[PDB]
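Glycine gets a Cβ as well: all are built from the backbone with ideal geometry, and neighbour counts include every protein chain shown. Computed from the coordinates by the stated procedures, all read-outs in this text should not be read as laboratory data.
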Amino acid sequence: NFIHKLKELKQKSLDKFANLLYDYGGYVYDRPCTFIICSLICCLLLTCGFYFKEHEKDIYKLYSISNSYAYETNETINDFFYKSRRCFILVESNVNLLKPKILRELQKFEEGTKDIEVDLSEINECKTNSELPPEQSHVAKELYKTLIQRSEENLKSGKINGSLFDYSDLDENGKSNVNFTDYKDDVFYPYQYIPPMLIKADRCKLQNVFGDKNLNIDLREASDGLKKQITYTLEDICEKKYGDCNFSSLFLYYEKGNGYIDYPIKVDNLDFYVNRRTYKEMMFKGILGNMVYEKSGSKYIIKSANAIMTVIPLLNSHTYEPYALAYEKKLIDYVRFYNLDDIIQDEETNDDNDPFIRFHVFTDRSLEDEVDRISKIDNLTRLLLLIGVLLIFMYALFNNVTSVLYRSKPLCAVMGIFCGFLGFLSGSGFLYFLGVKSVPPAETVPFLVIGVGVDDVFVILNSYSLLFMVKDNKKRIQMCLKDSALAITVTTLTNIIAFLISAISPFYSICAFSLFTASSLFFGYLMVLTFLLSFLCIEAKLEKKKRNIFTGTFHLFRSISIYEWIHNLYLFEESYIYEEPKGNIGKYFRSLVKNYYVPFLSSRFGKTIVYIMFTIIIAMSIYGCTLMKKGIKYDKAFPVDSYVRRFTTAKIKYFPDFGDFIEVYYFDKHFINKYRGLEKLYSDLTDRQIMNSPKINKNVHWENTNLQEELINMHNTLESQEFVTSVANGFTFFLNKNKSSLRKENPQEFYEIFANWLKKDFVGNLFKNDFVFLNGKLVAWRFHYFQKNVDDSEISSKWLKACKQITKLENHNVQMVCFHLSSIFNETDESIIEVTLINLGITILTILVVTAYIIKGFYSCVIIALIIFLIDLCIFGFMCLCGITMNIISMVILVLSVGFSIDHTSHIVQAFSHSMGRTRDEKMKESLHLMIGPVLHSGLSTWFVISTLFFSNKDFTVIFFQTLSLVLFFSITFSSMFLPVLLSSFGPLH
Ligand SMILES: CC(C)CCC[C@@H](C)[C@H]1CC[C@H]2[C@@H]3CC=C4C[C@@H](O)CC[C@]4(C)[C@H]3CC[C@]12C
Ligand SMILES: CCN(CC)S(=O)(=O)c1ccc(-c2csc(Nc3ccc(C)c(C)c3)n2)cc1
Ligand SMILES: *[C@@H]1O[C@H](CO)[C@@H](O)[C@H](O)[C@H]1NC(C)=O
Ligand SMILES: *[C@@H]1O[C@H](CO)[C@@H](O)[C@H](O)[C@H]1NC(C)=O
């Protein structure tokens, strides 16, 4: 019942679709020019949507997951801690930079950095046309006023008395829409600390940012010239150290006459030196690079150093967000354009090359700026696209031009390339009309689309090449379209399905890439059906009139089943319609396949050769699967010549120890929840469930001696790690300095002693900015440590996880969050495996269902599934073997590999099934002779368009090219060599 009825319905539907396409081709043949002009007009109207093109530049949006826990941690850190923007300025040289002349020049360079002036007209965030002051909640404003008043009063008083605070454990709700009464009695230590989330002042008023300048200007209500008159310098937005700017540079040694530039520098400690005159700290390890010293006379005498680093701290608050964002920009223009080669020319080098001195810069603005620059498509990508288009045009012309000119189809190939390009343009325009923003990966959308947009073309030509016997050109075109309609529709539908399923991934970059590719493929399919088919009709009319393109242009200026046919041909071979005419489209290639390749495959020697070769390939794939690596470094997304990558390379070169600045934070859950109230498919929610335990980070007694000893042991363990070079933990210093005083374990005593140590001690004065006390209880704190830089992301993620394990203190319900910039990318690399393993399964199931709906028989579907699984296994094994890691690009291409390879596999299998040969060998011969041309062409075209990406300056594009080339190579080999042999051996017969 079910088997009969479902198969009957399927066959009836397929036959009706074929007849509909037959009649559609018949209708198109009468109106080719009308279809051409209408399709072109529609494509241009859709392309007009490029005027609404937008780029997505947020790194979190592009690369992070939707519910990334790193995003939540960054939000918490910014809401409750005072971070400072850090501008790094590095200077490299094959010449030692410690000579007095170069030192004087670099001092002038630093003074120039200090002397940069920015006018208020450059503050793009105050343009008199924005709603920049959103409404802050009323209770928050009242609390901010009360807290600033209390901070002023406490700072004036300068007394620490924890006798009035309540030290009892908080309730589950935090007790001993939010009411101001609960918040109005909060006392914060240090007294100048107020939660940065509460500092929401009018950013466009100069009084809120520059009190000293005494100007009362509303930038949203000020003219452009009036704002341009007023200027500010570095000193107005720079973090202060004893009043002066808190510069971290070599020239702190010479400050206030402590040392002299001409004389050699002598320092009593190469790790932490305090300038006696200025009382300012300085770490020579972080400043100087390839440092060479003497260590004589109980001190260290530094002779040479081939690198110098300077760190400029800028205030990082809401009100100071734009101004710094302005100054940093100018700072970059001051560094990337600075030249001091004149002095360098004379001095002796290290590498014996021409002497050199290069300045590098890195800011928090730099990554966003580089992403913005990358978002626009560069000239190199356009040149590569042009070269790929030229290659595919040459290949198509070479295949479709033969000895006889009027039987050739060059115009069809050219218009097929044009159909691919127009489909890409129309799809991109439609999605821009829908509002989807263009991610940088979309730069690779054109190539791929063209690489697919030609495939259907070849298939149609194949059918039109096989129907030379039909004298009626209109009926010939109708039958050609009838034969090729199911194949073309299934191919495009499968590609669209694969890309749409890929678009489900949480990362917006992949979602946009897949959406653009799917829309472009759909519109390219429509263009193939109309624009290309009309040109096919025109060239068929010219062929019937026996005039080629040139003669036709001159005159215009003057003015039966194919399987049955191949079976009959092979039966006649056992001894007008059987023999192709001279100069046919695919005569020579089919002759080569039938005369040489088919006898090789049918021979026993060919079969055993193929079996041995593919056994070796599968074994190599398994061994590669054994060598599996995961993760890609983020900077690979940028070109090597970008100043960010150059700065990173240099830093790694001259400063191996100071690789990553990992920051470890502890937040009290009750405090965080109390102060947050003022603001008002994929289950890989990693690093979130652990931190949400009901009994963690709540009312932790820091006065406990056991907990302090555990903290000391944790610090020692963190120092013991090989990948950790230095640790800056103020809590450890406090505990080491004071042990007898803390024996009482009294919470009030602990609070008072910690406050006094922070307020009075020199090291405490340094660490004052890393601790938050509310109502006499330490509610949040932090420390930092440096991690060796490594080129492998997987080992870096392992180090971060080891650090998270070390910071865990389950005995006292304490776990500290470890954070870094690379944490987001590590989270993405950890989630990509699960995301891909889900998407691949969903894609495979859907594609198998779709192909089983169209493939005749059930055993053929099993063969197709086995071939698809083997192709995927080989692709993954060789991508692991070739050093490609399991990253976003490789995983997405692995997902799409099913949709790409199913086309060739289905072509060969359906050609085998529909044939009427008696033995398996005859059916294999017919299947090859019919559909080995299109299968080879549809892969060679895609690879020819893609190959130009091998020279792309962006490593992500290179990985894309490599993985796609592996996919295409394995699909072609398993569809043209392994599949025919497998069908000859065990293929179905009835
Ligand atoms: C002389 C002995 C007894 C004490 C000196 C200890 C040294 C190694 C410690 C104490 C103070 C520490 C600094 C305190 C604060 C900061 C700011 C932070 O953004 C980076 C780390 C940095 C710069 C720390 C580096 C290490 C440091 C300099
Ligand atoms: C550092 C901040 N970034 C995180 C890496 S990012 O802004 O999100 C970012 C991400 C990627 C690129 C990029 C350039 S070329 C490129 N080819 C590419 C081609 C095809 C596919 C499927 C993919 C994924 C990529 N992709 C550029 C920037
Ligand atoms: C703290 O305040 C209480 C309440 O007035 C007072 O009794 C105590 O002496 C104060 N402690 C100090 C050190 O001033
Ligand atoms: C504000 O008032 C009550 C009484 O003090 C307080 O307990 C509660 O937090 C608030 N009431 C609400 C939210 O209904």
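Legend: P(r) of the chain from all alpha carbon pair distances, 10 Å bins from 0, whole percents, reading 2, 9, 16, 18, 16, 12, 10, 8, 5, 2, 0, 0. When the pairs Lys101/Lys651; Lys10/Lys541; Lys57/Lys630; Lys53/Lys127; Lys61/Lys798; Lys651/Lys798 are compared against a 27 Å limit on Cα-Cα distance, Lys10/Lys541 fall above it. Size descriptor for segment 638-714, Kirkwood hydrodynamic radius: 17.5 Å (Cα pairs only, one decimal).
Positive contributions from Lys and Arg (+1) and negative ones from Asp and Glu (-1), summed over other residues with Cβ under 15 Å from the Cβ of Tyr859, come out at +4. Ordered by the count of other Cβ atoms within 10 Å of each Cβ, fewest first, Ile460, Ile842, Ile847 give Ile842, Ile847, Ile460.
Taking the Cα atoms of segment 278-411, the ratio Rg/Rh between the radius of gyration and the Kirkwood radius comes to 1.28.
Based on the Kirkwood approach, the hydrodynamic radius assigned to segment 160-313 is 21.0 Å, with every pair of different Cα atoms included. Note on segment 655-821: along the principal axes its Cα atoms extend 46, 41, 30 Å, ordered by decreasing extent.
Looking at the square roots a ≥ b ≥ c of the eigenvalues of the Cα gyration tensor of segment 376-487, which shape do they give, rounded for a/c under 1.5, prolate if a/b is larger than b/c, or oblate? Note, shape of segment 376-487 comes out oblate. Hydrodynamic radius of segment 128-232 by the Kirkwood approach over all distinct alpha-carbon pairs: 17.0 Å.
Counting only Cα atoms, the size of segment 759-833 along its three principal axes is 49, 28, 19 Å, in decreasing order. For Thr349, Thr919, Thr310, the sequence from fewest to most other C-beta atoms within 10 Å is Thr919, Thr349, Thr310. Largest first, the three principal axis extents of the alpha carbons in segment 77-149 are 60, 31, 23 Å in whole numbers. According to the Cα-based calculation, Rg over Rh for segment 908-990 is 1.16, with Rh computed by the Kirkwood formula. If the Kirkwood radius is taken over C-alpha pairs of segment 414-476, then at 37 °C and 0.692 mPa s the Stokes-Einstein diffusion coefficient equals 238 µm²/s.
For the residues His784, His567, what sequence is obtained by ranking on other C-beta atoms within 10 Å, fewest first? By the 10 Å Cβ count, ascending, the order reads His784, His567.
Compactness of segment 521-607, taken as the C-alpha radius of gyration over 2.2 N^0.38 Å, stands at 1.58. Segment 760-887 gives an Rg/Rh value of 1.26, both radii derived from C-alpha positions and Rh following Kirkwood. About its Cα centre, the dipole of segment 655-821 is roughly 760 debye, where the only charges are +1 on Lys and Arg Cβ and -1 on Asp and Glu Cβ. Secondary-structure-derived ellipticity at 222 nm for the chain, considering helices only, amounts to -18000 deg cm²/dmol, per-run term -39500 (n - 2.57) for DSSP H runs with n ≥ 4.
Normalised by residue count, segment 845-973 yields a Cα convex hull volume of 103 Å³ per residue.
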